[PDB]
Amino acid sequence: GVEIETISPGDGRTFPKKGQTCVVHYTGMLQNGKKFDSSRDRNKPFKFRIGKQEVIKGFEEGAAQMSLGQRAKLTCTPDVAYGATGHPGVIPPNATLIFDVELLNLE
Amino acid sequence: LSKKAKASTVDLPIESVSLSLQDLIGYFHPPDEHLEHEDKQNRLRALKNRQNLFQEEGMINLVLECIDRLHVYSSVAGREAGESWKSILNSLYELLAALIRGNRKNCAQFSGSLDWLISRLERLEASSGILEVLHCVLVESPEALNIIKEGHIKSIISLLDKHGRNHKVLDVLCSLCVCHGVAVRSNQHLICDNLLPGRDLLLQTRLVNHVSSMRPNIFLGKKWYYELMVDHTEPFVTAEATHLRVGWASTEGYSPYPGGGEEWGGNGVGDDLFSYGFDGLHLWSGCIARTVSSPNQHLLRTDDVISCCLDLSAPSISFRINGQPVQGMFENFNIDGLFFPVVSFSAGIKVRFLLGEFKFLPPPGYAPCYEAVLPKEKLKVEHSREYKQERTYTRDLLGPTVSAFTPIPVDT
Amino acid sequence: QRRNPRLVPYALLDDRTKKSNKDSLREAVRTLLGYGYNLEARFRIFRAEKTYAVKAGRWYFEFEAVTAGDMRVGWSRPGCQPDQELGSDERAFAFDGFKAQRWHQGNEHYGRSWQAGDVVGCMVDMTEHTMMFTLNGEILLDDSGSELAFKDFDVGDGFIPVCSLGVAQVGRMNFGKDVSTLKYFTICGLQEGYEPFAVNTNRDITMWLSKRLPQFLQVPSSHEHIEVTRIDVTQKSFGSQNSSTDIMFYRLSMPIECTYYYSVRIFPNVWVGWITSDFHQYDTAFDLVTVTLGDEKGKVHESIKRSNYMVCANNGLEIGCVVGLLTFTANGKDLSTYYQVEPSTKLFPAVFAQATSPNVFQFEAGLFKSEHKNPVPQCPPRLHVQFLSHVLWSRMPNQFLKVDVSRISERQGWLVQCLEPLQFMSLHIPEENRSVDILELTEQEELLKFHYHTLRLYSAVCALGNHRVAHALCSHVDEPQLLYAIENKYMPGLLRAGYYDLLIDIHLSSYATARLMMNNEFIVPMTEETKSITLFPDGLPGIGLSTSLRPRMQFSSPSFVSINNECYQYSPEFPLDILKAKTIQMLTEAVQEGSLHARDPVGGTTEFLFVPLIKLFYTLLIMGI
C-alpha cells in the first residue's frame, strides 16, 4: 500500500511467491540522497524469504508488486519503516527509505 | 560590587592579580622535551610535588570561587580599571589546567564538579579554556569517566553543533570513549546515537564516476533541431547505475567545472544547463529532479532514438523519443549567448550523432543542425568548452576567453 | 523572407554575391575618381602544489610558448593570491617575454623579446638569492647586461613555478619526466649544474589553476575597510567607505530547507533575497527561470518551477518572512506573494549592496533562532559563532583533476565511445552545502585536520569489539570506498593513515586480537596428520600443516533485515582475497620506488608510505591469510 514505481519493466506476471529465495541486488538512500545501504558495493546478492517477516514492511510490501528484471523505486513511508525510533545509529526517525532494487532469481 | 556600589572601592586588585596570574602559570610550567633526560625528571618531580602542596590547601576550590564570583557579567563595575575582564577570566582557566595535567590524585579529588563545569559550558567567553580543563581531567583519571552521564554529552555535542568545527572537541570524545586501557561501552553506543544518523555535522563522503559533456563545435540561436541515438549502455559497472542526460545549455555562462561546486559535475544541475533523458524520462534543471512521467516509462536502452528541438523566437524547449510525445515542460527562459547539444555520460558507453548522415526525424520544428553549417563554419564534436585538454605528453594550457543572426547596417 | 537562403549575417555569407554590391560601389568609385573626388585617406594562473617548493638546490624547468601576449613565466612564493594578477608584489618572481620587463612589484626593463616557438628555461640558485632566466640557451640580460634575473630575495617558504596566460594565449610546460624534450637544458643547465623536477620523482605534478567561477569565503581583513561586527540588540553592521567601492555580494552561513522572520536595517541600490547554493552570478545586472507541468494529457500543464535567487529593493526595514513556502514583507507594507514554490530547497538569507555610506546593515509571528539551529524550544533570537557574512570572491586555486577520462570520437555517424570508468573521491560539508573532492584537502589544512580527527573518532568508537557500532559504521563508510581510498597515490599523509586505521578497526581487529590472545597456548590433538611433521629440512616458517587449535573466523553481512539481535555476534564481513592480492602488489610497488628513493613518496614522507602499509600487512599476516 506504498508508492511503488517501476524504473525498468521486467515482465510483471512473475509474481514472487511465498517460500522463494528472492535474489536481489539493491541499494537505497535517504531523503537527501544520502546512501545508507548498497548491496552492489559489497558485491552481495541479498537473498530473502517472503512472509517470514525478515525485512521491514515497506520492502515486504514492495517485494510482491515486482517481477523478474524489474527495477523499482520503493519510496517507502516512515510509518511503515522503523518509525519515530529509527535504526539506532544508521537511520534517524521519520525517514523516506527510497530503495532501488533489481530481482535476479527465485526458488 | 555584588551590592550597588561604593564609588571609592579601594579594594581593587586587577594589575596585581593579573601579574601574579601570569606568574603562577609559569611556576607550574611543564618542562621542554629538548632536555637532558635526567634533568627532565628532576624538574618533573619538583612539579608533581608542587601541585600536591597546592591541593591540600585546597587552592582548586579557591580558584573555583573566583571563577564563580566572576561568572556574573558578560561585559560590570567601574569599567576602566576593570576593562581587563577578558584577560583575568581566560588566564584563570589556563592556571586551572596547570594544577591538573599530571596527577591522578589531584584529578579524582577534584572530579566532582564536571557536572558543575558543563553547566558553565554555555558561557562561551573562554570556553576553550573550560574545554581544556575538561580534556585533561578526562584522560588522567578513569574515575571521572564513570561520573559524566548522558545529559552532559548532549550538551557537549551541541557546543560542537553551534561552534562550527573543532578538532579540540573531537579530542574530548575520543578520550571520553576509551579510557587508559578499557573501552566503556555505554559511551560508545551513546555517541553513535547522536553524531552518526543525522549526517548533519561531520563530513560525509562518496565516490561516483567522472562526468563529462560534449558539444558539436556549433552555436545555435528557423526552429532549431537535432537528433541522437544510442548503441550500448551497460548500466551497471560501479556500485551505481550510470547516467545519461541530453539537452541544451548557454555559452556565456558556467565554465565546465567537474565536481568542485555541484555534485560530480553532472548534466542539468546548473541553471545554465537544461537536460533530459531518464528511465521514466523526467528532467534535470538546476538541481531539480521532479518526476514528470512519459507514456512508456521506457529505458534509455541500447537502440532508442532521441529527437530534440527548440523553435526560433520562442523559449519553448521540448524533446521526443522515437517520435513519441514526452509532455514537454521547459518554458520561460533567458538568452545570453547561443546554445548546443550537451550530451553527457559516465560509462563504458557509445552513441551516434545524426547531422547530415541522418537516419530518423519527426517533422515539427524545421531547422536541423545541417542548416547551421551554411556559410563556412565547420563541425567537430569536442569535450564541451574545455578549460582542460587531455593528452599524454603534457596537458597544455588554454586561455580564458576569445569573445548574431541579425546583422546591423549603419544608419547613414 | 520560407526556404530563405539569406538567414546569414554579412561577415560570414557568400562573398561573391556581395561583389554585385562591391563592384557597383566600385563603379560608384570609378565615377568619383572620374569626378575628381578620389577617395584618398581575464587571466588564468597555473600554480603547483605548495609542498613541492624547494629551498636548497639548483632547480630548472622550461616553457614552450605558442601564441602572442602575456607570458609571465617564472617562480612564485606559495602565498601568492590568485586574484591580484602576477608580479605586482613580492610574492611572484617571473618575467614576461612580451614587453621585456621583469616582474617584482611592477616592471623594469630586462632581456629581449619572445619568439613564437621559444623554449625559455628558468634557473634558480638557492645557496644565494640570485635568480636567472634564459631564452633558448641565450641568457636574457639586464639593463647593465648581466646573466641574472633577480637578486637578494628571501628563501622562506620555497618557490613554485607559475605561468600566467593572457586572454587568448596558449603555452606548454615541462617538469622533468620528458627527457627527450630537454631542449636547451643540455647546453645550459647540466653544464652549469642544474636539476629538473624529476631528479628522483615518479608521479606527476598536480596543478591548481584559478577557477573562473566565483565562490564565497569568510570576511578576512583583506581590504582597506571591510568589517563585520557581532553585536547583541542582535545586530550586525558594516562599512566599506574607501577608494574601492565596487560590488559586495553578501551570503550568510547556513541554509534553510523545506515560520519565523528575519530583519534588515540599512542606513543609506540594494537587492534583498534568498540564495540557493547554485548561484555564481558576479556582475552588476538584473538577470537570472521556471518550468511548466506535464500532467499526462496536456491542457493543465502550468506550474512546476520558480527556482532561480530572490528579489527585493533613513532606514530600510525589510523583513524576510518564510514558511509552507516563501513570502515577503517590506516596512510594514506587503509586497507579498513571493516565489512560493519549494519542496525542500536550501535557502540562504542573502542581500546585495554597494558602498554609499557606512553601516549598511543591522540584522536580527514569533522569533527567529530556533528555525535555524537544531533545538526548537528556543524562542528568543540568538547569534552564533557559526554565522558568517560570506563575500562572493572572484577566484581560488583548484586542482587539475589529474586523470580525466578515456573518451574517443568518430565521423561516420560520429561514434564517440568509452570503455572504462574513472571514479571521483568526493565529500561535502552538509551545513554550507558544496562538494569537494578528497584530493583537494592538501592545501586546506583547517579542513584536513578536522576531517583527520573525525577518522580518529570513527576508529575509537568501534574500538575493542563493538560489533553493533562497527556494523553501524559499515553502512556509513562502505568498504569499497576504502578500497579506492587505500590506493590514491596523491592522498594526504594523515588521511592515508586514517583510512588504514578505519579499515582495520571495522573488520580486521576483533579477530586479530582474538588470535593474539591465544598465541602462547599450543594445544593440539593427536590425530594422524600430526604424525607427519619432520621438524627439519635436509628452515621455512611458511609451512601449511598447522595442526594447532586456532580459534575460527566467523563474520556477518551488514544487511537491513528486522532480525536486529543477530548482528550481535562477530564482525562486519569483508571481501578477503581482493585485499590480500592488492597488498602483495602494493608491497612490491612501494618497495620498488623507495629503492629509487624519490622526492615524492606517497604521503609526503616515507613514513606515511610505509607505516600503514606494513600495519595493514602485519594484521593480515596473523589473520590466517
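From first to last, the protein sequence lines are chains A, B and C. Numbering of the first sequence is given in my numbering, commencing with residue 1 and proceeding in unit increments. Numbering of the second sequence is given in my numbering, commencing with residue 1001 and proceeding in unit increments. Numbering of the third sequence is given in my numbering, commencing with residue 2001 and proceeding in unit increments. We treat Cβ as the ideally placed atom computed from N, Cα and C, and that holds for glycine.
query, result
"Would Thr-1205/B pass as an interface residue toward chain C - the criterion being a Cβ-Cβ separation below 7 Å?", "yes"
"Hey, is residue 114/A's beta-carbon within less than 7 Å of any beta-carbon in chain C?", "Residue 114/A lies beyond the residue range present for chain A, which begins at 1 and ends at 107; the question has no answer from this structure."
"Using the three-state DSSP reduction, which class does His-1071/B fall into: helix, strand or coil?", "coil"
"Report the option in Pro-1409/B, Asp-1115/B, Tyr-1226/B whose CA atom is closest to the CA atom of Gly-1151/B.", "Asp-1115/B"
"Hey, how far is the Cα of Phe-2185/C from the Cα of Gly-2121/C?", "7 Å"
"Which bits of chain B does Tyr-2511/C rub up against, with CB to CB less than 8 Å?", "Ordered by position in chain B, no residue passes the 8 Å Cβ test against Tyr-2511/C, which lies about 17 Å from the chain."
"Run through DSSP, which three-state label would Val-2054/C get?", "strand"
"Specify whether the segment 1299-1314 of chain B and the segment 1222-1233 of chain B touch according to this definition: at least 3 beta carbon pairs, one from each stretch, less than 8 Å apart.", "yes"
"Give a yes or no on whether 7 Å exceeds the smallest Cβ distance from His-2129/C to chain B.", "no"
"By the 7 Å beta-carbon criterion, what residues does the segment 2571-2598 of chain C contribute toward chain A?", "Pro-2575"
"Using only the alpha-carbon positions, how far apart do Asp-2154/C and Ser-2076/C sit?", "11 Å"
"How about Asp-2278/C: is its C-beta nearer than 7 Å to some C-beta of chain B?", "yes"
"Which same chain residues end up closer than 7 Å to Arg-2230/C when comparing Cβ atoms and leaving out the 5 residues on each side of it in sequence?", "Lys-2236, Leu-2383"
"Which residues in chain D have a C-beta closer than 8 Å to the C-beta of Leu-1196/B? List them in chain order.", "Absence of chain D from the displayed structure is noted, the protein chains being A, B and C."
"Measure the beta-carbon distance from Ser-1250/B to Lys-2305/C and round it to whole angstroms, keeping in mind my assumption that it falls under 8 Å.", "Wrong, their Cβ atoms sit about 17 Å apart, outside the cutoff."
"With contact counted as at least three CB pairs below 8 Å, one residue from each stretch, are the segment 1263-1270 of chain B and the segment 1352-1360 of chain B in contact?", "no"
"At the level of alpha carbons, what is the spacing between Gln-2101/C and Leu-2182/C?", "26 Å"
"Interface residues of chain B around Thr-6/A at Cβ under 7 Å?", "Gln-1297"
"Give the C-beta separation of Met-2310/C and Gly-2273/C to the nearest angstrom, bearing in mind that I take them to be a contact with Cβ-Cβ under 8 Å.", "3 Å"
"Classify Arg-1043/B as helix, strand or coil using the three-state DSSP reduction.", "helix"
"Could you tell me which of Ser-2263/C, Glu-2521/C, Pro-2575/C sits nearest to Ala-2365/C, measuring between CA atoms?", "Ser-2263/C"
"On the premise that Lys-2449/C lies in contact with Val-2602/C, defined as a C-beta separation below 8 Å, what is that separation, rounded to the nearest angstrom?", "About 19 Å separates the two Cβ atoms, so there is no contact after all."
"On the three-state DSSP scale, how would you describe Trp-2114/C?", "coil"
"Can you look up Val-24/A in the DSSP assignment and give me helix, strand or coil?", "strand"
"Compare the C-beta of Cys-1287/B against all C-beta atoms of chain A and say whether one is closer than 7 Å.", "no"
"Can you name the start and end residues of the beta strand (DSSP E) that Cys-2122/C belongs to?", "2122-2125"
"How would you write the range of the beta strand (DSSP E) that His-2428/C sits in, first residue to last?", "2426-2429"
"Going by CA-CA distance only, name the one from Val-2477/C, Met-2526/C, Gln-2554/C that's closest to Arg-42/A.", "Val-2477/C"
"Please list the terminal residues of the continuous alpha helix (DSSP H) segment that includes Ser-1307/B.", "First-last for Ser-1307/B: 1305-1310, but that is the beta strand (DSSP E), not the alpha helix (DSSP H)."
"Counting only beta-carbon separations shorter than 7 Å, does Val-2228/C have a partner in chain B?", "no"
"At a CB-CB cut-off below 9 Å, which residues of chain B make contact with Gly-69/A?", "Under the 9 Å cutoff, chain B gives no residues; its nearest Cβ is about 11 Å from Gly-69/A."
"Which ranges does the alpha helix (DSSP H) cover as unbroken runs of at least 4 residues, wholly within the segment 1098-1176 of chain B, from first to last along the chain?", "1104-1110, 1114-1117, 1127-1140, 1150-1162"
"In angstroms with no decimal places, state the Cα-to-Cα distance between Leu-2427/C and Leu-2439/C.", "10 Å"
"Can you find the residues in the same chain that come closer than 6 Å, C-beta to C-beta, to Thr-96/A, ignoring five residues on each side of it along the sequence?", "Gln-31"
"Check whether chain C comes within 7 Å of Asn-1146/B, counting only Cβ atoms and requiring the distance to be less than that.", "no"
"In three-state DSSP terms, what is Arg-1391/B?", "coil"
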